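Take a look at the structure below.
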Amino acid sequence: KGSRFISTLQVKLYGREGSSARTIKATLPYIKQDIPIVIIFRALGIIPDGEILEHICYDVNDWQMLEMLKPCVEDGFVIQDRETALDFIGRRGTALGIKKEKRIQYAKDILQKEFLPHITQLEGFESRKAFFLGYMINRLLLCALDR
Amino acid sequence: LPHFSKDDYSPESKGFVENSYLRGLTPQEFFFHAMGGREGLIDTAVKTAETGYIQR
Amino acid sequence: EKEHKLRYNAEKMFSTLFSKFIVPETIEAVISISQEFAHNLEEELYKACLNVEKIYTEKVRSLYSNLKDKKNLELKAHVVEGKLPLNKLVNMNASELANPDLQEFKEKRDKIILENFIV
Amino acid sequence: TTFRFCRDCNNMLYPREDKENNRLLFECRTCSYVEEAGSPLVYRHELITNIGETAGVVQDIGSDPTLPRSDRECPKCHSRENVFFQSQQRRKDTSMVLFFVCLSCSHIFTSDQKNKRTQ
Amino acid sequence: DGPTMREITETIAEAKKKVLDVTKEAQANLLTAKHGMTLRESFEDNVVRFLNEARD
Amino acid sequence: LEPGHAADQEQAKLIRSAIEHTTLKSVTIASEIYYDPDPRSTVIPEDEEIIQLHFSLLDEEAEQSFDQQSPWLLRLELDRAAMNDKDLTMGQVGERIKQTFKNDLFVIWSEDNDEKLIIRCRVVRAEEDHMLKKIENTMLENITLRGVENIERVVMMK
Amino acid sequence: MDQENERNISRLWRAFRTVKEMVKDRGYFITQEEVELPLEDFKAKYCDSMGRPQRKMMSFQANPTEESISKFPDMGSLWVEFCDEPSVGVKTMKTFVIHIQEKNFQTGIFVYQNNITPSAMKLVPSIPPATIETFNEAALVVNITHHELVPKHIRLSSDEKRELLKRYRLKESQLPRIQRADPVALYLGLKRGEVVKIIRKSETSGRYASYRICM
Amino acid sequence: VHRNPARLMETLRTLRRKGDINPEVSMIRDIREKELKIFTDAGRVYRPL
DNA sequence: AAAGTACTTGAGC
RNA sequence: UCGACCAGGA
DNA sequence: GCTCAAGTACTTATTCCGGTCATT
Ligand SMILES: [Zn+2]
Ligand SMILES: [Zn+2]
């Protein structure tokens with residue numbers, strides 16, 4: 001209940017079954033381009049790989065699913081700071097309002113209000129949504145590995 | 001159906017109707033028979049709009 | 001011209017196998033006899049090539065690897081030294097060289113696939 | 001594969017060749033870290049997979065009332081009390097082989113009469 | 001006829017066993033698929049067959 | 001079938017396998033990338049005999065064919081079942097790979113009878129690794145071993 | 001790879017037979033003895049010292065039959081050329097194009113292995129009234145006219161066409177059409193406007209004749 | 001997350017059967033997938049057993 | 001209601 | 001008596 | 001900057017035969 005914030009989050013596995021460089025990107029509301037999961041994780045504060053990887057793949061032994069994550073680590077590699085990720089999110093899709101200081105502020109807005117409005121819309125929760133996005137990627141690769 | 005155990009490939013499980021209309025169908029036999037029957041009712045409804053346009 | 005040099009190396013391999021494969025013949029049912037017998041296949045495989053007027057090099061390996069094998073292919077390798085055609089063995093080279101254990105599986109597969117694509 | 005992370009910044013380690021000593025290294029591209037490789041293996045494909053078959057075998061597996069029971073004796077404890085299922089690998093091709101879980105020692109055994117495994 | 005009905009009941013019964021036997025064979029990885037077909041696609045075809053032979 | 005050979009069961013099997021499309025992907029269990037620095041020797045002791053027959057004599061020359069190749073190895077393992085089922089020689093598979101990359105890839109293999117079926121690959125004459133993963137994709141997906149393209153599952157009929 | 005030399009020669013001998021079959025069917029003097037030339041005899045004639053097929057020597061001239069002169073009096077001689085180069089060069093095509101002009105040939109059939117230069121094929125409609133035709137070797141291995149489903153296509157004379165339109169009271173647009181590129185229209189060397197009489201069996205009358213105009 | 005799911009499942013199932021948890025509340029435990037899903041959702045179609 | 005025409009965009013090289 | 005929706009019949 | 005794969009826009013259907021609403 002609450003105007004029913006109908007925001008459908010899509011987490012896509014780009015690249016066909018056997019095609020080289022299989023990356024995972026996600027579409028958030030009011031952002032034009034599809035953002036590689038690593039950048040979203042970095043925008044939520046989860047900065048190193050294997051913290052991002054730890055949120056997605058729970059078992060350390062499952063090498064099969066982790067090799068599936070190597071190209072995602074390589075995609076988001078360009079962004080290494082939370083602000084560098086927020087600026088990247090802000091720049092991509094509405095956006096328009098050119099001046100670094102503002103796109104970062106309204107990138108935080110998209111992640112708080114529109115990205116996963118169920119769970120919460122409150123400021124402090126980043127950790128809760130980080131694990132959920134991780135859970136979704138886990139469910140995606142589980143179907144991709146035909147398990 | 002929830003009346004069966006998991007990984008059951010027996011005739012009873014995957015929809016075989018051992019009985020005759022005279023002897024009468026069991027609740028499971030009844031549901032599966034309805035499932036197949038529904039398929040016929042759909043086929044009839046669609047292949048009228050389709051087959052009709054082919055005629056034109 | 002270059003051909004003779006390529007043939008030279010090929011003979012060296014046969015005599016190496018004919019020294020380390022010949023040991024179980026005496027164990028159940030020497031370095032000089034292996035040298036002569038090596039030349040007996042090197043010119044025999046040459047008979048199979050360049051007809052009237054590449055493949056050869058690959059025939060050398062299949063002869064080496066299979067005759068080496070044991071303790072299943074040694075029963076076939078025993079026949080080779082004991083009056084089994086050395087002439088036929090040269091133009092043999094395929095699934096016929098294989099182990100009696102591997103030929104059991106090959107026959108078990110071939111006859112089983114046959115009933116699947118016959119529809 | 002089983003890959004490692006950079007101690008210090010906890011990031012993905014990428015390969016790097018030590019051309020001098022002909023050895024493999026794993027470097028961090030977020031910092032100055034470098035560590036020697038454990039294995040010569042860096043990448044593994046696996047088209048024909050075996051991991052996903054024994055998936056979901058939790059210790060609570062026996063408490064699933066949906067799961068069917070059998071009177072098969074365990075190869076270890078010999079208990080005729082087990083809860084079985086089919087390969088949890090959700091591929092079209094997959095065989096109808098059964099995997100049994102003992103309601104005592106919780107050992108996983110099969111109905112597989114083609115070959116013997118350890119998973 | 002009662003006798004006909006006994007014959008019919010044991011005709012379905014025998015086909016159920018024929019299926020169970022093919023089920024046990026496929027469970028012990030002894031079944032071999034009929035080209036371009038899955039092992040499952042092969043088992044299903046022979047099961048559907050035994051039951052339709054039985055109904056007939 | 002040819003007017004004469006209409007009941008020739010053996011000529012049917014022959015055309016069946018001559019036309020049915022067969023890719024390397026269909027005959028591979030797994031592919032691996034190893035750092036095997038000296039190309040004249042091998043880190044993997046399993047493959048020791050592969051170098052001992054194929055690499056020893058010949059040579060392909062003496063050695064001449066540029067042994068200063070690449071330290072990165074592409075190791076493919078083939079399924080004996082699907083190999084023998086689709087009627088294939090290790091040499092057949094090997095020569096089909098060596099004809100695709102012409103003289104950019106030094107290819108060797110284990111013999112048809114050995115316990116494990118292996119194809120050892122190395123690139124020829126700054127920056128690598130990523131290109132090797134691209135070469136393996138071209139190998140599985142593209143390279144046709146036997147048969148005509150577009151022709152899948154061929155079946156015999158009486 | 002002695003197998004690949006043996007398979008390439010079969011295919012070439014097969015295509016040569018089809019060229020012979022096509023030129024005989026087009027109304028040129030070729031014996032059935034010429035067509036049914038054995039593989040042994042073919043090798044003996046056109047292969048070199050190494051057994052490699054010399055396509056240069058295969059090239060031949062064909063002249064119209066006595067009856068062909070009656071129906072088509074303007075049907076001149078024809079030249080067929082086979083090239084040993086898999087990619088037929090613009091220098092090689094000029095040598096061929098000029099062969100037709102000096103010997104005043106009516107038609108020229110170029111049988112190529114893999115391809116012809118886009119440069120070289122610009123010289124095709126450059127020498128009227130003579131026409132040049134291009135055929136890929138593999139496309140000729142099997143004669144498509146010999147198939148079950150391919151009926152007897154007959155090229156009508158200008159007079160024969162004139163009669164068909166008179167007797168059926170037709171304008172050319174009322175006749176069923178055949179594409180210039182149609183595999184059979186290519187075989188017969190059909191030119192736009194030419195008509196074919198298609199005689200086929202009928203489960204209704206036993207024999208039914210239809211007609212198709214080239215475009 | 002939970003550490004002893006069986007104990008929690010028996011507790012919740014007994015709570016709803018007592019009436020302490022609303023009888024319409026759906027509660028599933030997928031042992032194989034290691035998950036406890038609870039729906040207090042409006043719109044779920046149910047049947048008594 | 002999925003599949004066609006007829007353009008136009010991306011980019012292989 | 002302008003025509004949209006819904007419900008039906010063979 | 002040229003061929004060509006591929007993405008885009010935008011097109012197109014589906015037999016015959018009372019009640020209620022709002023508005024014309
Ligand atoms: Zn670091
Ligand atoms: Zn036990």
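How things are named: the first chain in the structure tokens is A, the next is B, and so on; residues count from 1 in each chain; ligands count from 1 in the order shown.
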
Surrounding residues as a list in words, ligand 1, max 7 Å, only C-alpha atoms (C1' of nucleotides) and all ligand atoms: residues 6, 7, 8, 9, 10, 11, 28, 29, 30, 31, 32 and 33 of chain D

Protein and nucleic residues near ligand 2, 7 Å, only C-alpha atoms (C1' of nucleotides) and all ligand atoms, as a list in words: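 Checked against 7 Å with only C-alpha atoms (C1' of nucleotides) and all ligand atoms; the hits are residues 74, 75, 76, 77, 78, 79, 102, 103, 104, 105, 106 and 107 of chain D.
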
Dump N, CA and C atoms for the selected residues as a CSV table (one decimal), in the first residue's frame?
```csv
chain,number,residue,atom,x,y,z
D,74,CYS,N,21.9,-49.4,2.6
D,74,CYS,CA,23.0,-48.5,2.4
D,74,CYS,C,24.3,-49.3,2.2
D,75,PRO,N,25.2,-48.8,1.3
D,75,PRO,CA,26.5,-49.5,1.1
D,75,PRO,C,27.4,-49.4,2.3
D,76,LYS,N,27.2,-48.5,3.2
D,76,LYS,CA,28.0,-48.3,4.4
D,76,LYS,C,27.4,-48.8,5.7
D,77,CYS,N,26.2,-48.2,6.1
D,77,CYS,CA,25.6,-48.6,7.4
D,77,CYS,C,24.6,-49.8,7.2
D,78,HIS,N,24.2,-50.1,6.0
D,78,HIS,CA,23.3,-51.2,5.6
D,78,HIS,C,21.9,-50.9,6.2
D,79,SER,N,21.4,-49.6,6.3
D,79,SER,CA,20.1,-49.3,6.7
D,79,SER,C,19.1,-49.2,5.6
D,102,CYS,N,20.8,-41.9,2.9
D,102,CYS,CA,20.5,-42.7,4.0
D,102,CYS,C,19.9,-41.9,5.2
D,103,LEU,N,18.8,-42.5,5.8
D,103,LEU,CA,18.2,-41.8,6.9
D,103,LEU,C,18.9,-42.2,8.3
D,104,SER,N,20.2,-42.4,8.2
D,104,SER,CA,21.1,-42.8,9.3
D,104,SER,C,22.5,-42.1,9.2
D,105,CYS,N,23.3,-42.6,8.3
D,105,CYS,CA,24.7,-42.1,8.0
D,105,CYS,C,24.7,-41.0,7.0
D,106,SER,N,23.6,-40.8,6.3
D,106,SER,CA,23.3,-39.7,5.2
D,106,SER,C,24.4,-39.8,4.1
D,107,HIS,N,24.7,-41.1,3.7
D,107,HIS,CA,25.6,-41.4,2.6
D,107,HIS,C,24.7,-41.4,1.3
```

Spatial neighbours of stretch 146-153 of chain G, max dist 6 Å, only C-alpha atoms (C1' of nucleotides), sep filter under 5 positions, as a ChimeraX atom specification: /G:196-200

What residues in stretch 55-93 of chain G get the DSSP label helix (DSSP H, G or I)? Please answer as a short mmCIF file (atom, residue, chain, number, x, y, z; two decimals) with N, CA, C and O atoms, in the first residue's frame.
```cif
data_model
loop_
_atom_site.label_atom_id
_atom_site.label_comp_id
_atom_site.auth_asym_id
_atom_site.auth_seq_id
_atom_site.Cartn_x
_atom_site.Cartn_y
_atom_site.Cartn_z
N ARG G 55 42.55 -27.74 -66.60
CA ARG G 55 41.30 -27.11 -67.04
C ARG G 55 41.46 -26.29 -68.31
O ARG G 55 40.48 -26.13 -69.05
N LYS G 56 42.67 -25.76 -68.57
CA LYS G 56 42.98 -24.95 -69.75
C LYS G 56 42.63 -25.73 -71.02
O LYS G 56 41.95 -25.19 -71.90
N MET G 57 43.03 -27.03 -71.08
CA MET G 57 42.83 -27.96 -72.20
C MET G 57 41.39 -28.43 -72.41
O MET G 57 41.05 -28.80 -73.54
N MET G 58 40.58 -28.44 -71.34
CA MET G 58 39.16 -28.86 -71.33
C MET G 58 38.28 -28.04 -72.26
O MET G 58 37.41 -28.61 -72.92
N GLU G 66 22.17 -29.93 -87.80
CA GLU G 66 21.41 -29.68 -89.02
C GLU G 66 19.99 -29.21 -88.71
O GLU G 66 19.57 -28.19 -89.25
N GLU G 67 19.29 -29.91 -87.79
CA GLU G 67 17.95 -29.50 -87.39
C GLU G 67 17.95 -28.14 -86.67
O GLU G 67 17.04 -27.34 -86.90
N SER G 68 18.99 -27.85 -85.84
CA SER G 68 19.10 -26.57 -85.13
C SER G 68 19.12 -25.40 -86.10
O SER G 68 18.48 -24.38 -85.82
N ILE G 69 19.78 -25.57 -87.27
CA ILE G 69 19.85 -24.58 -88.35
C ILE G 69 18.45 -24.31 -88.95
O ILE G 69 18.15 -23.16 -89.29
N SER G 70 17.61 -25.37 -89.07
CA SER G 70 16.25 -25.28 -89.62
C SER G 70 15.38 -24.37 -88.75
O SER G 70 14.89 -23.35 -89.25
N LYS G 71 15.24 -24.69 -87.44
CA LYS G 71 14.46 -23.88 -86.50
C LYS G 71 15.11 -22.51 -86.27
O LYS G 71 14.44 -21.49 -86.48
N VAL G 90 40.77 -10.37 -64.17
CA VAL G 90 40.33 -9.39 -65.17
C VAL G 90 41.23 -9.46 -66.44
O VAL G 90 40.75 -9.19 -67.55
N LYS G 91 42.50 -9.88 -66.27
CA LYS G 91 43.45 -10.06 -67.37
C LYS G 91 43.07 -11.31 -68.18
O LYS G 91 43.11 -11.29 -69.41
N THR G 92 42.66 -12.38 -67.47
CA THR G 92 42.24 -13.66 -68.04
C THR G 92 40.91 -13.52 -68.80
O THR G 92 40.75 -14.14 -69.86
N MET G 93 39.96 -12.72 -68.27
CA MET G 93 38.64 -12.47 -68.87
C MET G 93 38.76 -11.71 -70.18
O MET G 93 38.04 -12.02 -71.12
#
```

With only C-alpha atoms counted and 10 Å as the cut-off, give the residues of chain D in contact with chain B, each with its shortest interatomic distance in Å and the pair that gives it, as a Markdown table.
```
| residue | atom | partner | partner_atom | distance |
| --- | --- | --- | --- | --- |
| D:64 | CA | B:6 | CA | 9.9 |
| D:65 | CA | B:5 | CA | 7.9 |
| D:66 | CA | B:5 | CA | 5.1 |
| D:67 | CA | B:6 | CA | 5.2 |
| D:68 | CA | B:5 | CA | 5.4 |
| D:69 | CA | B:5 | CA | 8.9 |
| D:84 | CA | B:7 | CA | 9.0 |
| D:85 | CA | B:7 | CA | 6.4 |
| D:86 | CA | B:7 | CA | 6.7 |
| D:96 | CA | B:7 | CA | 9.4 |
| D:98 | CA | B:7 | CA | 9.4 |
```

Atom-to-atom span, atom CA of residue D:49 and atom CA of residue F:82, Å: 15.4 Å

Within 12 Å of residue J:7 using only C-alpha atoms (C1' of nucleotides), minus same-chain residues under 3 positions, as JSON, numbers by chain: {"K": [18, 19, 20]}

Write out, as a PDB file, in the first residue's frame, the residues just selected, with C-alpha atoms (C1' of nucleotides).
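The resulting file, again.pdb, is reproduced below:
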```pdb
ATOM      1  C1'  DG K  18     -30.257  -8.993 -25.660  1.00  0.00           C
ATOM      2  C1'  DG K  19     -28.977  -5.642 -21.637  1.00  0.00           C
ATOM      3  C1'  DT K  20     -26.796  -1.297 -19.893  1.00  0.00           C
TER       4       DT K  20
END
```

Residue F:43 surroundings by only C-alpha atoms (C1' of nucleotides), 12 Å radius, close-in-sequence under 5 positions cut, as a list in words: residues 22, 23, 39, 40 and 41 of chain D; 34, 35, 36, 37, 38, 48, 51, 71, 72 and 73 of chain F

Polymer residues at most 12 Å from residue F:150, only C-alpha atoms (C1' of nucleotides), same-chain spacing of 6 or more positions, as a PyMOL selection string: chain F and resi 19-23+144

Dump as a PDB file, in the first residue's frame, selection limited to N, CA and C atoms:
```pdb
ATOM      1  N   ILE F  19      27.207 -36.950 -44.491  1.00  0.00           N
ATOM      2  CA  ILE F  19      26.402 -35.734 -44.605  1.00  0.00           C
ATOM      3  C   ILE F  19      26.063 -35.095 -43.244  1.00  0.00           C
ATOM      4  N   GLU F  20      25.871 -35.896 -42.156  1.00  0.00           N
ATOM      5  CA  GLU F  20      25.528 -35.353 -40.830  1.00  0.00           C
ATOM      6  C   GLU F  20      26.629 -34.453 -40.295  1.00  0.00           C
ATOM      7  N   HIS F  21      26.253 -33.189 -40.022  1.00  0.00           N
ATOM      8  CA  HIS F  21      27.144 -32.155 -39.500  1.00  0.00           C
ATOM      9  C   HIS F  21      27.665 -32.547 -38.122  1.00  0.00           C
ATOM     10  N   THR F  22      28.988 -32.414 -37.944  1.00  0.00           N
ATOM     11  CA  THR F  22      29.693 -32.745 -36.712  1.00  0.00           C
ATOM     12  C   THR F  22      30.728 -31.651 -36.381  1.00  0.00           C
ATOM     13  N   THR F  23      30.505 -30.932 -35.259  1.00  0.00           N
ATOM     14  CA  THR F  23      31.413 -29.886 -34.769  1.00  0.00           C
ATOM     15  C   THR F  23      32.301 -30.425 -33.648  1.00  0.00           C
ATOM     16  N   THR F 144      34.068 -27.351 -38.560  1.00  0.00           N
ATOM     17  CA  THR F 144      33.294 -28.532 -38.939  1.00  0.00           C
ATOM     18  C   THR F 144      34.304 -29.664 -39.121  1.00  0.00           C
TER      19      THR F 144
END
```

Computed interatomic separation between atom CA of residue D:20 and atom CA of residue D:35 (Å): 15.7 Å

Within 12 Å of residue J:3 using only C-alpha atoms (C1' of nucleotides), minus same-chain residues under 6 positions, as a list in words: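 Answer for this query is residues 21, 22, 23 and 24 of chain K.
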
Written file, previous selection with N, CA and C atoms (P, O5', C5', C4', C3', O3' and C1' of nucleotides), as a short mmCIF file (atom, residue, chain, number, x, y, z; two decimals), in the first residue's frame:
```
data_model
loop_
_atom_site.label_atom_id
_atom_site.label_comp_id
_atom_site.auth_asym_id
_atom_site.auth_seq_id
_atom_site.Cartn_x
_atom_site.Cartn_y
_atom_site.Cartn_z
P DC K 21 -27.40 0.86 -16.10
"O5'" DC K 21 -26.44 1.80 -16.95
"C5'" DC K 21 -25.04 1.49 -17.03
"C4'" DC K 21 -24.34 2.41 -18.00
"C3'" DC K 21 -24.77 3.86 -17.93
"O3'" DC K 21 -23.83 4.56 -17.11
"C1'" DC K 21 -24.55 3.07 -20.21
P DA K 22 -23.77 6.15 -17.04
"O5'" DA K 22 -22.98 6.49 -18.40
"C5'" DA K 22 -22.26 7.68 -18.55
"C4'" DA K 22 -22.68 8.39 -19.83
"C3'" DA K 22 -23.90 9.31 -19.68
"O3'" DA K 22 -23.55 10.75 -19.36
"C1'" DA K 22 -23.82 8.13 -21.76
P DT K 23 -22.67 11.74 -20.33
"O5'" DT K 23 -23.19 11.42 -21.81
"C5'" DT K 23 -22.24 11.22 -22.88
"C4'" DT K 23 -22.93 11.28 -24.23
"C3'" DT K 23 -23.72 12.57 -24.52
"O3'" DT K 23 -22.97 13.38 -25.44
"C1'" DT K 23 -24.77 10.59 -25.38
P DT K 24 -23.53 14.79 -26.00
"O5'" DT K 24 -24.12 14.36 -27.44
"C5'" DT K 24 -23.37 13.46 -28.30
"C4'" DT K 24 -24.17 13.00 -29.50
"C3'" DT K 24 -25.19 13.99 -30.05
"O3'" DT K 24 -24.54 14.92 -30.93
"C1'" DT K 24 -26.12 11.78 -29.97
#
```

Atom-to-atom span, atom CA of residue C:108 and atom CA of residue E:42, Å: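 Between atom CA of residue C:108 and atom CA of residue E:42 the gap works out to 19.5 Å.
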
Every residue of chain F that DSSP places in strand (DSSP E or B), as a PyMOL selection string: chain F and resi 22-23+28-35+72-78+105-109+117-123+144-146

Return as a compact mmCIF listing (two decimals) with N, CA and C atoms, in the first residue's frame the residues belonging to chain C that are within 10 Å of chain F, counting only C-alpha atoms.
```txt
# COMPACT_ATOMS: atom_id res chain seq x y z
N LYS C 2 64.82 -34.10 -48.98
CA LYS C 2 64.52 -33.88 -47.57
C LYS C 2 63.84 -35.10 -46.96
N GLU C 3 63.14 -35.87 -47.81
CA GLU C 3 62.39 -37.11 -47.54
C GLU C 3 63.17 -38.19 -46.78
N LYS C 5 65.78 -37.86 -44.77
CA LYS C 5 66.05 -37.35 -43.42
C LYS C 5 64.84 -37.61 -42.52
N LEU C 6 63.62 -37.44 -43.09
CA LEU C 6 62.33 -37.64 -42.41
C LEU C 6 62.07 -39.14 -42.18
N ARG C 7 62.55 -39.99 -43.10
CA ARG C 7 62.43 -41.44 -43.03
C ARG C 7 63.39 -42.00 -41.97
N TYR C 8 64.62 -41.43 -41.89
CA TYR C 8 65.69 -41.81 -40.95
C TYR C 8 65.19 -41.80 -39.49
N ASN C 9 64.57 -40.68 -39.08
CA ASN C 9 64.01 -40.45 -37.74
C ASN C 9 62.90 -41.45 -37.40
N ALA C 10 62.06 -41.80 -38.40
CA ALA C 10 60.94 -42.73 -38.27
C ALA C 10 61.37 -44.14 -37.84
N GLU C 11 62.49 -44.64 -38.41
CA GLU C 11 63.04 -45.97 -38.11
C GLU C 11 63.52 -46.09 -36.66
N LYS C 12 64.14 -45.00 -36.13
CA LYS C 12 64.68 -44.91 -34.76
C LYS C 12 63.64 -45.26 -33.69
N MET C 13 62.37 -44.89 -33.95
CA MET C 13 61.23 -45.11 -33.06
C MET C 13 60.84 -46.58 -32.95
N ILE C 55 49.99 -38.52 -44.48
CA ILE C 55 49.39 -39.81 -44.09
C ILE C 55 50.37 -40.70 -43.30
N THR C 57 53.38 -40.30 -41.54
CA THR C 57 53.79 -39.83 -40.20
C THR C 57 52.81 -40.24 -39.10
N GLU C 58 51.50 -40.20 -39.42
CA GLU C 58 50.40 -40.56 -38.52
C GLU C 58 50.31 -42.07 -38.34
N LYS C 59 50.64 -42.84 -39.40
CA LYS C 59 50.63 -44.31 -39.36
C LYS C 59 51.73 -44.84 -38.43
N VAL C 60 52.86 -44.12 -38.33
CA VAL C 60 54.02 -44.44 -37.48
C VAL C 60 53.61 -44.47 -35.99
N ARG C 61 52.86 -43.43 -35.55
CA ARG C 61 52.38 -43.23 -34.18
C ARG C 61 51.41 -44.31 -33.71
N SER C 62 50.39 -44.62 -34.54
CA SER C 62 49.36 -45.63 -34.26
C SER C 62 49.97 -47.02 -34.11
N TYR C 64 53.25 -47.47 -33.15
CA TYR C 64 54.06 -47.33 -31.93
C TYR C 64 53.19 -47.47 -30.66
N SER C 65 52.20 -46.56 -30.49
CA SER C 65 51.30 -46.48 -29.33
C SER C 65 50.52 -47.76 -29.03
N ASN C 66 49.94 -48.40 -30.07
CA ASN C 66 49.17 -49.64 -29.91
C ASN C 66 50.05 -50.84 -29.57
N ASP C 69 51.26 -50.58 -25.77
CA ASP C 69 50.16 -50.82 -24.82
C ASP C 69 50.43 -51.83 -23.68
N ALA C 94 43.89 -48.67 -37.86
CA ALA C 94 42.55 -48.16 -37.53
C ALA C 94 42.14 -48.71 -36.15
N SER C 95 40.86 -49.09 -36.01
CA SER C 95 40.27 -49.65 -34.79
C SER C 95 40.68 -51.11 -34.61
N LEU C 97 43.83 -52.25 -34.72
CA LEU C 97 45.08 -52.30 -33.94
C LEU C 97 44.78 -52.36 -32.44
N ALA C 98 43.71 -51.65 -32.00
CA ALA C 98 43.22 -51.47 -30.63
C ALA C 98 43.19 -52.73 -29.74
N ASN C 99 43.23 -52.49 -28.42
CA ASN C 99 43.21 -53.49 -27.34
C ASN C 99 41.98 -54.38 -27.40
N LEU C 102 39.37 -52.58 -25.42
CA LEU C 102 38.84 -51.43 -26.16
C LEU C 102 38.00 -51.84 -27.37
N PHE C 105 34.43 -52.71 -26.13
CA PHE C 105 33.64 -51.48 -25.94
C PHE C 105 33.23 -50.88 -27.29
N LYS C 106 34.16 -50.87 -28.28
CA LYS C 106 33.91 -50.36 -29.64
C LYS C 106 32.80 -51.16 -30.32
N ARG C 109 29.43 -50.42 -28.52
CA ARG C 109 28.91 -49.11 -28.93
C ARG C 109 28.28 -49.19 -30.32
N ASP C 110 29.09 -49.54 -31.36
CA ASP C 110 28.71 -49.64 -32.78
C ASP C 110 27.39 -50.38 -33.04
N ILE C 112 25.05 -50.91 -30.78
CA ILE C 112 24.01 -50.26 -29.96
C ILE C 112 23.50 -48.97 -30.65
N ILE C 113 24.39 -48.21 -31.36
CA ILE C 113 24.03 -46.98 -32.10
C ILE C 113 23.15 -47.38 -33.29
N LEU C 114 23.52 -48.50 -33.96
CA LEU C 114 22.84 -49.09 -35.11
C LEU C 114 21.32 -49.22 -34.94
N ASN C 116 19.48 -47.36 -33.00
CA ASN C 116 18.95 -46.04 -32.66
C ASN C 116 18.69 -45.15 -33.88
N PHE C 117 19.58 -45.17 -34.89
CA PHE C 117 19.38 -44.36 -36.10
C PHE C 117 18.84 -45.17 -37.30
N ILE C 118 18.20 -46.34 -37.04
CA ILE C 118 17.64 -47.21 -38.08
C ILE C 118 16.13 -46.96 -38.32
N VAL C 119 15.43 -46.32 -37.34
CA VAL C 119 14.00 -45.93 -37.30
C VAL C 119 13.17 -46.47 -38.48
```

Compile a residue-level contact table for chain A against chain H at a cut-off of 12 Å, reporting for every qualifying residue the shortest atom pair and its distance in Å to one decimal, with only C-alpha atoms counted, rows ordered by chain and ascending number, as a Markdown table.
```
| residue | atom | partner | partner_atom | distance |
| --- | --- | --- | --- | --- |
| A:1 | CA | H:42 | CA | 10.8 |
| A:131 | CA | H:1 | CA | 11.6 |
| A:135 | CA | H:35 | CA | 11.8 |
| A:139 | CA | H:33 | CA | 10.8 |
| A:142 | CA | H:33 | CA | 11.3 |
| A:147 | CA | H:33 | CA | 11.1 |
```

For the residues in the current selection, export C-alpha atoms as an mmCIF file, in the first residue's frame.
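Wrote it out as selection_1.cif, contents follow:
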```
data_model
loop_
_atom_site.group_PDB
_atom_site.id
_atom_site.type_symbol
_atom_site.label_atom_id
_atom_site.label_comp_id
_atom_site.auth_asym_id
_atom_site.auth_seq_id
_atom_site.Cartn_x
_atom_site.Cartn_y
_atom_site.Cartn_z
ATOM 1 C CA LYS A 1 0.000 0.000 0.000
ATOM 2 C CA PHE A 131 22.209 -8.793 -0.541
ATOM 3 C CA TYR A 135 20.250 -13.089 -4.381
ATOM 4 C CA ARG A 139 18.958 -17.084 -9.040
ATOM 5 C CA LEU A 142 21.543 -20.960 -11.166
ATOM 6 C CA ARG A 147 20.883 -26.383 -11.899
#
```

Within 10 Å of chain B: residues of chain E, using only C-alpha atoms, as number ranges by chain: E: 8-9, 12-13, 15-16, 19-20, 23, 44, 47-48, 51-52, 54-55

Chain C contacts to chain G at 12 Å (only C-alpha atoms) as a list in words: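 For chain C, the answer reads residues 49, 50, 51, 52, 53, 54, 55 and 56 of chain C.
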
Within 8 Å of chain A: residues of chain F, using only C-alpha atoms, as a list in words: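 Therefore, the residues near the partner are residues 133, 134, 137 and 141 of chain F.
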
Write to file, as a PDB file, in the first residue's frame, the residues of the selection just made, with N, CA and C atoms.
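Everything below was put into part_2.pdb:
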```pdb
ATOM      1  N   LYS F 133      41.276 -17.418 -25.452  1.00  0.00           N
ATOM      2  CA  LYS F 133      39.872 -17.694 -25.131  1.00  0.00           C
ATOM      3  C   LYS F 133      38.981 -17.440 -26.359  1.00  0.00           C
ATOM      4  N   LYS F 134      39.426 -16.544 -27.264  1.00  0.00           N
ATOM      5  CA  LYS F 134      38.720 -16.215 -28.510  1.00  0.00           C
ATOM      6  C   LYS F 134      38.920 -17.341 -29.538  1.00  0.00           C
ATOM      7  N   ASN F 137      36.741 -20.430 -28.720  1.00  0.00           N
ATOM      8  CA  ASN F 137      35.334 -20.225 -29.078  1.00  0.00           C
ATOM      9  C   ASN F 137      35.122 -20.534 -30.562  1.00  0.00           C
ATOM     10  N   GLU F 141      32.515 -23.698 -31.664  1.00  0.00           N
ATOM     11  CA  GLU F 141      31.395 -23.171 -32.441  1.00  0.00           C
ATOM     12  C   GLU F 141      31.503 -23.372 -33.961  1.00  0.00           C
TER      13      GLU F 141
END
```
